[PDB]
Amino acid sequence: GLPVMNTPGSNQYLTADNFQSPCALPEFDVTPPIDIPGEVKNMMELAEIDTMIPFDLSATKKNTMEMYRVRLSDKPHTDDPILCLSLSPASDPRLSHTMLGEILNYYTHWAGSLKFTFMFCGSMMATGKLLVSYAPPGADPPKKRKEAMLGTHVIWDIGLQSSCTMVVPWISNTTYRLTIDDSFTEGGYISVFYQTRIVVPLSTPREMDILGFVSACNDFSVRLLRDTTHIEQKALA
Amino acid sequence: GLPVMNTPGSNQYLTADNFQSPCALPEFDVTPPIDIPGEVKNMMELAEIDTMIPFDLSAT
Amino acid sequence: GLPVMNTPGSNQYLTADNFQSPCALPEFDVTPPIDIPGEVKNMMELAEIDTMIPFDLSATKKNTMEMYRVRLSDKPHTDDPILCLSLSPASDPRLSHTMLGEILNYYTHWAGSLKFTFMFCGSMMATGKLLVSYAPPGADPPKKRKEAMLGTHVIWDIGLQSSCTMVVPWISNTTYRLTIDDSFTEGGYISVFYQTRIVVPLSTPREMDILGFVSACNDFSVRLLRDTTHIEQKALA
Amino acid sequence: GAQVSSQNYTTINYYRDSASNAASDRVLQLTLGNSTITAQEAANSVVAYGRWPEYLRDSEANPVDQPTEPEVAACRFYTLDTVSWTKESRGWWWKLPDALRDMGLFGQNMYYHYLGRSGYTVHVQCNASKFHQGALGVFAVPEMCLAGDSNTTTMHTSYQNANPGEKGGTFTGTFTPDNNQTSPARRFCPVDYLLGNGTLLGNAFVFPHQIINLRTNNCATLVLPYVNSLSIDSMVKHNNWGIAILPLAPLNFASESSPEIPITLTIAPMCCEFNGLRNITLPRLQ
Amino acid sequence: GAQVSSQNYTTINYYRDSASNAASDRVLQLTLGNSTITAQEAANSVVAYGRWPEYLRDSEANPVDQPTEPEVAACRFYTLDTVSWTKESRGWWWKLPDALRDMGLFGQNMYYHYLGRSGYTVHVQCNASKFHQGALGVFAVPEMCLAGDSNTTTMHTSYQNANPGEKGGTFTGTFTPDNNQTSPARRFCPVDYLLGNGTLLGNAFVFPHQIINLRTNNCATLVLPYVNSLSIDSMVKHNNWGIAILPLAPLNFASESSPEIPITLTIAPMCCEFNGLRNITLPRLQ
Amino acid sequence: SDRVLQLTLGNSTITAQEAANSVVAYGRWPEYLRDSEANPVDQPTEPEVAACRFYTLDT
Amino acid sequence: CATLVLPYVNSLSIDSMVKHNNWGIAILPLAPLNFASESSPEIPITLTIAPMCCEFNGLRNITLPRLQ
Amino acid sequence: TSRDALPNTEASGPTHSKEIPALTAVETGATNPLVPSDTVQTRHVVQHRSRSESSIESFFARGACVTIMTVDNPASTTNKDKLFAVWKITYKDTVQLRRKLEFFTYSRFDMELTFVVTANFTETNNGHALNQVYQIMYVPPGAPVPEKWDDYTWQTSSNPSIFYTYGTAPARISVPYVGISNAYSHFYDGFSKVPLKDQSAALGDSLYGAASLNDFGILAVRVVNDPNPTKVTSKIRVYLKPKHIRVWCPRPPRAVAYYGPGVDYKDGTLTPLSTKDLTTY
Amino acid sequence: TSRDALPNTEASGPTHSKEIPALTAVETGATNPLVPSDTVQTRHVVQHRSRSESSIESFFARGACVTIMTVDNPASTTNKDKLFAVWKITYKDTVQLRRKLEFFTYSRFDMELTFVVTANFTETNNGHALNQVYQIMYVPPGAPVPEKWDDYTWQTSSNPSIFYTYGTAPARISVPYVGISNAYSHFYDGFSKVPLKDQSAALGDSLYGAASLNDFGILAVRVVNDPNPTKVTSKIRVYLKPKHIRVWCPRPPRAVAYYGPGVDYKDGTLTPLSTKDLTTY
Ligand SMILES: CCO/N=C/c1ccc(OCC[C@@H](C)CCN2CCN(c3ccncc3)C2=O)cc1
Ligand SMILES: CCO/N=C/c1ccc(OCC[C@@H](C)CCN2CCN(c3ccncc3)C2=O)cc1
Ligand SMILES: N[C@@H](CCC(=O)N[C@@H](CS)C(=O)NCC(=O)O)C(=O)O
Ligand SMILES: N[C@@H](CCC(=O)N[C@@H](CS)C(=O)NCC(=O)O)C(=O)O
């Protein structure tokens, strides 16, 4: 019949191919779908939801409930940092197991802005002011409010609104960043400081906690699907 | 001639497949059908007929 | 299904074939290009740039900086040649490692005109006249100004303009010439002579240098891509 | 018959089956039946997945007989027991519709029919003073499956231990495997920081949820529609929702070493309907 | 949907990805900021690749924050040190933006931000008498990578030795491998006739260039746009351009055995802009 | 309304929940120097975001 | 908190910033601090300042004042 | 479409106003939809990136191994029974696709199965064998299951089958959505029986989370050739690709090792997080 | 288009004028665009030649070997571990394509990879083996790397793979432009870290010219069959063809032998030119 010629790649199996194959159950009567709440169309829809950050991965606090709480007190004012965090959303131990980190560990490249939200869980009789800072890479990581004050920052005044949001904008030399620890695509640094101290009246707890969440903005994207290191196996079934 | 590429599932036999094959008796003169009573178009037509139930399946 | 017949050449791999194959990364989000200076569309664009010729490949001058300079002096007039060069742009040792020669060593056939440019690097107080000659093949190579004066030639007067250009036109029996040493497609001869001598006043250097460059014209072309002998290997990686 | 698209390219379907084809806010009042709720310190309210409860439509109804819709007789607020929040608490959980199995006519209709469906309104109440601190996370989980207490068998939790009723259960901070081979306990062992099902608590905010922060609000409200892979199902075999309450920040008061405050739950069925009337079911709940 | 072309023949695309598809002159004056240059013996000027420096456009900007454009405060002529040309000289090299790292406010802006970009104007000055002879080749190389001095390791040049600053480096006529295994020098060994990177000097005229011939002109001017595979980058990690000066014909004067003349360089940034402000960088340059 | 305030300069922001409004001295907002009042003749420098930003002194 | 917006004030259009100070900020306790019954209360005060519409003229080598 | 570019960034200057977008309240249960323009001065950027590769179709467009089955053709000079393989259809014998799927509670999808077959000799004897053929038969629930490698059940009058010749391209078929519900249930919080007070304790017992919603039959694989004097051992790898997929009710992903077909976890595996100081970058 | 013919030659007679096109100045930096008609008397010629074969697309339209990988299936009667191959993707293991590409500074192109597999026996024993199948898996950066030939990483739930049967046509795939910059960088004049005075000397050290712009993952190759009584050794040759290619910033070509992945050269190889007398043809 028709003369044909076979080309390279014949009789191979590529797991990413897209071809038609015969149906093993012809004329099957398929059940129709109903309207169920909670349909998802993109995986980036799940990365735009805030999830709590396990800041305190101490040897005695990790793998417990105490790892999500950051302790504050009414001590005299100091310029030392409250927490320090490197912007590696997929490889930082404190960011890799959040929902954003879990989704990023299935991909190789990411880009976009982030937002960190902090919530204060003290008494209504407590007051204070804090400083949340982000520093692009290249210089020494900030260790004093004096240095952190030179990068991007927000001043959080604790009142009726008990939450603050800080947006980390996209400041990169490449169009995408790798989801591993890398010097050429490092992200920067994040820290929290006391602007003033925490002040309480008598008959009030002098120690409190804050909680933190991270999520993505509407200009965030990923690419190059891959496999994760967060699940493994030794025996079949 | 035409460049082609073979895909997975080549040279397999699936008993539920639907393909054309060559005819071993070309130009055969087929007998025409007549009108016979009792033609069936669906198997559900036979399930809509009542049939007796063996209720008493005792050992005897 | 459709009856087909397989023809010779089925299940072969030809490295010069042009066929479609399945994509291993479907739906990948490709980075867009930007406007970078210095885009190249043809390899002949690089052959039309002048590059210096290593004329003096002496046992003590080759593989140094002295091989690019041709020495001139103010000696009494003579009819002996200053330099002699055979027109083999790809196999001549003095032309094979220029940019034109490097590009020609990737091809089997070439055709077109050439241009040689000479620059004088003496004092502003020096004067002279030179004779640049090209002779088509078939006769004895010129060794005296008397013989060189019968072929194509230019007379270079050294003044405010310190450079001269001589065009070697396409004079061939075949439509293309081979890029190897061959008697049936030999190119001809090129030489330089003193028309008058070099004259300087007192308190001036009596020895100077000239530099030479070669490039192609706008009617130059090549064909039959091949491999070069200018790179090799012994061990992998 | 070929389809031309852009990348242009051409595609053709060869088979007859598509499978073969290549691919203000602080104030709130609620009224249901003869019951009302008021709130003066609220953080608004949450409608799960943006969908309000509704009745089953004709174009999605599996059973053919006429359903029963009690309405006001069963769509009303029922108050469960009150739990005590102290500094040693790890959290509590409930199953729906399991927690309303003994609630007026709702339980009677539940145990007299074979199929039923319903949505819910959940209202959690907890108040303190301006000198207390703490935070609670309230999560609604569809198909809230908990892990067992056995490392020699899986999925061996008994029907009685998985359905505690309106009393509910509690989370624990440690996993204690049961080792009695002769008399296995056959009960859950839910760990708080794993949410009782092997997933990290920090991500539980993917589910519908709210937070009660003692310095901001004192109540939480969640509106849950009916969720399942079927239009209607058996309410006595299968639980549709689970409610989990966990302390995100421990309770603390002035300088006392043993503060305590109560937490109360009120739940209202919504748009509930039933099918398949027969004699009443008498489960073995002990 | 088939495409018909001429050789006629027909082609069809089978896949959705395009990857799958089968394939007067002597006189010059320059003014920048508060600085001016005049020249009376010039050979015109060269604009590299025929492209003038420009600012970054919105349709090609990676970072999202507002950039800084110092303009006159940093776009001005800076004069580096002066070198001495004798009969034993082999050539000199400089890196850009490395040579301007201590130049007024340009260096401050460079070390205070994380990203930056800029073009340049380079002016080389060398004058002699009508009784001197010689020629210099000035080349501008994008991504000017030099070879090391070690035959046991590769790419082992230290950050300090690769960034000399405004003093620059020099070429050598011979390759001398370093043999100190205990205390490796970790520095370049650039050979002049190989252009320091394994390619013949005669072909260096592929790069933008000019020639100073002592009997014709006494200055050279090169205008360099910003070149890189990125829209903007880190100026402290990566050098965009390299300037190389080599004697094409040795210097000679009358009958003296040791003539010498100075060579001076002046460089001006153009259309420079910066992004990512933070605390200042303090590199280890010794 | 008057209790709430937010300021944004360059890469720095400030929020306040208990404020008494704000004061503009003499009812005049800062502005650049106009051509009809400029003494020097050379081109000025305007760093803008690089220098117009909030700096925190000691406490 | 308190917020003050200061325009540029001087008898000249532009001047030397290293010789002359344009503004002074003074903070004084109008009523003394007191807390419950403690005899030694204390609270911090912080200042944040932002330049606005700043411009410069006359570029030269940098000034190195004697500040000690 | 998913290949539509993301929104552009807008230029924003200095601001001075009473409105505070930064401060918020997370007790409500919502997420603050801030953009970079609300906190810093930004420039205008024309956006080019898109979210085409993170869609639900793209996230599942790969073939994942779900099982490895073993068959053999024994020596003619022995008494061993010929071995044929039976496998109960499920995606829970492996962990990668299981973890990817259990990001959600419900799903619908068509399926594509690919079979890769390999064989080898078992004894050093130089004995030979002719090319082998394999029969793969799908037995739905309630159909007779084979007991010998050559009994009548292999006549396949109504069960679909594939006959595969060794050395050719790997076998492939496609299946539609074949559930008895309106979607697949990745999780089921219930039982299949309700115990009754009148009845005995054992008559009402059932396993937790098990339902007949997840009974799809078995695959039976045999070598159709008769035994040679030498033994030949073959393994078949099954690869599953879901297509035309829709999902509902996202869930947090698994954080500890799987233990059985349920949500149970094993002691000694409950420490997924590593150490890191609070004030260390 | 590139197939357009070159300009015709024009007739020119004797000339006598003040204008001098021959004399020029090369100090400016330009090239004199002379034609033969400016120096000799010429005739009219209709031109037919074209520059279609020297375009950038044509200069790179061949498949070049980039690596040879080695795998084996060992004997069943030994203790040797089964060998699988790992290769880091790069074009710098060979010299021909590297030299062709390094004529320029930057480039963009799609890629086409072809795999040619060959096998042989290692021992004189007459033992036999059945046809083998090979798995080729692409592991991008950050994904788990296999450590045994049969561990879980080969399930390929998200990594693309090719399964190749021996004796069939060589395997082939195509890849788009997958860089994180706007073009590939053949040369990079910089470092990845900046050392800091406060920090230690070793904490800022990095290699010269190395950046993460050139990290593309690895290819892992294994034999999927189980070992036979006899050993079989296989080699896979990889051939790379760039298509739809664009280039920027031409450079002089390499003149001395390559030494490592940088621009370094080795002593004793710096004499590329031969001898030739000045006045000898
Ligand atoms: C001879 C070759 O013919 N093969 C035909 C065929 C036909 C139907 C087949 O059944 C396909 C059933 C799968 C679509 C079921 C996959 N899923 C859906 C959800 N699920 C599951 C299992 C356990 N717990 C929860 C969910 C699954 O295992 C298999 C093969
Ligand atoms: C299972 C088969 O699937 N294979 C898929 C696949 C996907 C992506 C792959 O990566 C391709 C990366 C190349 C396009 C990179 C080539 N280049 C670009 C420049 N470059 C390089 C290397 C070192 N120094 C400078 C430049 C390179 O090596 C390879 C295979
Ligand atoms: N056991 C029979 C051979 C098996 C056989 O012939 N089976 C028949 C009837 S039970 C059959 O239906 N075989 C199915 C098949 O193998 O295709 C024997 O003693 O040889
Ligand atoms: N090592 C196992 C065999 C390897 C195996 O079965 N691996 C399973 C689970 S670790 C797997 O995922 N294999 C991947 C594959 O080889 O396709 C044995 O002792 O036989």
# chains A, B, ... in the order shown; residues from 1 in each chain; ligands from 1
>>> residues_near_ligand(ligand="ligand 2", cutoff="7 Å", atoms="only C-alpha atoms and all ligand atoms", output="PDB file with C-alpha atoms, in the first residue's frame")
ATOM      1  CA  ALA C  24       9.821  15.967  26.790  1.00  0.00           C
ATOM      2  CA  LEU C  25       8.684  19.137  28.637  1.00  0.00           C
TER       3      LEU C  25
ATOM      4  CA  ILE I  89      24.380  17.592  31.101  1.00  0.00           C
ATOM      5  CA  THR I  90      26.933  19.738  29.255  1.00  0.00           C
ATOM      6  CA  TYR I  91      28.449  20.170  25.797  1.00  0.00           C
ATOM      7  CA  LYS I  92      32.012  20.568  27.121  1.00  0.00           C
ATOM      8  CA  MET I 111      17.665  21.033  21.372  1.00  0.00           C
ATOM      9  CA  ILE I 136      16.755   6.886  30.682  1.00  0.00           C
ATOM     10  CA  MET I 137      15.551   9.352  33.321  1.00  0.00           C
ATOM     11  CA  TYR I 138      16.092  13.117  33.496  1.00  0.00           C
ATOM     12  CA  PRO I 160      10.244  12.336  32.270  1.00  0.00           C
ATOM     13  CA  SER I 161      11.705   9.026  31.127  1.00  0.00           C
ATOM     14  CA  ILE I 162      12.359   7.007  27.982  1.00  0.00           C
ATOM     15  CA  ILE I 173      13.438  13.622  21.914  1.00  0.00           C
ATOM     16  CA  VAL I 175      13.638  20.117  24.263  1.00  0.00           C
ATOM     17  CA  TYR I 177      15.004  26.761  25.441  1.00  0.00           C
ATOM     18  CA  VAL I 178      15.099  26.181  29.199  1.00  0.00           C
ATOM     19  CA  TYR I 184      22.768  30.979  27.202  1.00  0.00           C
ATOM     20  CA  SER I 185      26.124  32.281  28.438  1.00  0.00           C
ATOM     21  CA  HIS I 186      29.103  30.566  26.836  1.00  0.00           C
ATOM     22  CA  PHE I 187      31.422  32.723  28.964  1.00  0.00           C
ATOM     23  CA  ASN I 214      24.694  26.291  33.783  1.00  0.00           C
ATOM     24  CA  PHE I 216      20.578  21.573  34.104  1.00  0.00           C
ATOM     25  CA  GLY I 217      20.358  18.315  36.065  1.00  0.00           C
TER      26      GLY I 217
END
>>> select_by_dssp(residues="stretch 8-93 of chain I", states="alpha helix (DSSP H)", output="CSV table (one decimal) with N, CA, C and O atoms, in the first residue's frame")
chain,number,residue,atom,x,y,z
I,56,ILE,N,23.4,30.8,10.0
I,56,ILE,CA,23.6,30.2,11.3
I,56,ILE,C,22.8,28.9,11.5
I,56,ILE,O,23.3,28.0,12.2
I,57,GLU,N,21.7,28.8,10.9
I,57,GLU,CA,20.9,27.6,10.9
I,57,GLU,C,21.6,26.4,10.3
I,57,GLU,O,21.7,25.3,10.8
I,58,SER,N,22.2,26.7,9.1
I,58,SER,CA,22.9,25.6,8.4
I,58,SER,C,24.2,25.2,9.0
I,58,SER,O,24.6,24.0,9.0
I,59,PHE,N,24.9,26.2,9.6
I,59,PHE,CA,26.2,25.9,10.2
I,59,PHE,C,26.1,25.0,11.4
I,59,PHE,O,27.1,24.3,11.8
>>> interface_residues(of="chain I", to="chain H", cutoff="12 Å", atoms="only C-alpha atoms", output="ChimeraX atom specification")
/I:73,75-77,125-135,150-169,223-231
>>> closest_residue(among="H:198, H:272, H:42, H:26", to="chain F", atoms="only C-alpha atoms")
H:42
>>> interface_residues(of="chain G", to="chain F", cutoff="6 Å", atoms="only C-alpha atoms", output="ChimeraX atom specification")
/G:1,3-7,45-53,55-57
>>> write_last_selection(atoms="C-alpha atoms", output="compact mmCIF listing (two decimals), in the first residue's frame")
# COMPACT_ATOMS: atom_id res chain seq x y z
CA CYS G 1 2.76 59.08 68.21
CA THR G 3 4.04 63.52 63.07
CA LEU G 4 5.46 66.82 61.81
CA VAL G 5 5.99 67.75 58.14
CA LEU G 6 8.67 70.44 57.76
CA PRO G 7 9.30 72.35 54.52
CA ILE G 45 10.97 57.11 72.89
CA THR G 46 11.99 56.57 69.25
CA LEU G 47 12.47 59.02 66.36
CA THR G 48 12.20 58.37 62.62
CA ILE G 49 13.05 61.07 60.07
CA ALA G 50 12.66 61.09 56.28
CA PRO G 51 14.19 63.66 53.90
CA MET G 52 11.86 64.99 51.22
CA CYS G 53 12.51 66.66 47.86
CA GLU G 55 18.64 68.18 45.95
CA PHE G 56 22.35 69.01 45.75
CA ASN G 57 24.77 71.19 43.77
>>> residues_around(residues="residue B:21", least_positions_apart="2", cutoff="10 Å", atoms="only C-alpha atoms", output="list in words")
residues 18, 19, 23 and 24 of chain B; 1, 2 and 3 of chain C
